[PDB]
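Working notes for the structure below.
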Amino acid sequence: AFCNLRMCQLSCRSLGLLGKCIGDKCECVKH
């Protein structure tokens, strides 16, 4: 749906990471 990239980025970014938001769910690449 609207996999919310802003939230995903934030939550990932808390772990340093680069949030990118897949169909189902948020993921977090490193670089």
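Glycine residues also receive a Cβ, built from the backbone N, Cα and C atoms like all the rest.
Marked as site 'Interacts with KCa2.2/KCNN2 and KCa2.3/KCNN3' by Swiss-Prot: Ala1, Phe2, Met7, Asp24. Per Swiss-Prot, the feature disulfide bond maps to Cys3-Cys21, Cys8-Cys26, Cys12-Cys28; the stated evidence is experimental evidence. Taken from Swiss-Prot, the feature region '[R/K]XCQ motif' applies to 6-9, supported by a curator's inference. Sequence annotations record features per position, and here Swiss-Prot assigns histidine amide to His31.
Around the Cβ of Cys12 (disulfide bond), the same chain contributes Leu18, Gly19, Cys26, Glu27, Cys28, each under 8 angstroms and 6 or more positions distant in sequence. For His31 (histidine amide), the number of other Cβ atoms no farther than 10 Å from its own Cβ, over all displayed protein chains, is 5.
Among the recorded positions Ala1, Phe2, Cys21, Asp24, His31, the ones whose Cα sits within 10 Å of the Cα of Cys8 (disulfide bond) are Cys21. For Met7 (site 'Interacts with KCa2.2/KCNN2 and KCa2.3/KCNN3'), the same-chain residues lying six or more positions away in sequence with a CB closer than 8 A to its CB are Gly19, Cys26. Residues near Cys21 (disulfide bond) in space but far in sequence (CB under 8 A, at least 6 apart, same chain), listed by position: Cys3, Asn4, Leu5, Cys8, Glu27.
The Cβ of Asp24 (site 'Interacts with KCa2.2/KCNN2 and KCa2.3/KCNN3') lies under 8 Å from the Cβ of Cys3, each of these being in the same chain and 6 or more residues away along the sequence. DSSP gives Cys8 (disulfide bond) a helix state.
For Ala1 (site 'Interacts with KCa2.2/KCNN2 and KCa2.3/KCNN3'), the count of additional Cβ atoms within 10 Å of its Cβ stands at 5 [all protein chains shown].
Of all the disulfide-bonded residues listed here (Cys3, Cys8), it is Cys3 whose C-beta has the fewest other C-beta atoms within 10 angstroms.
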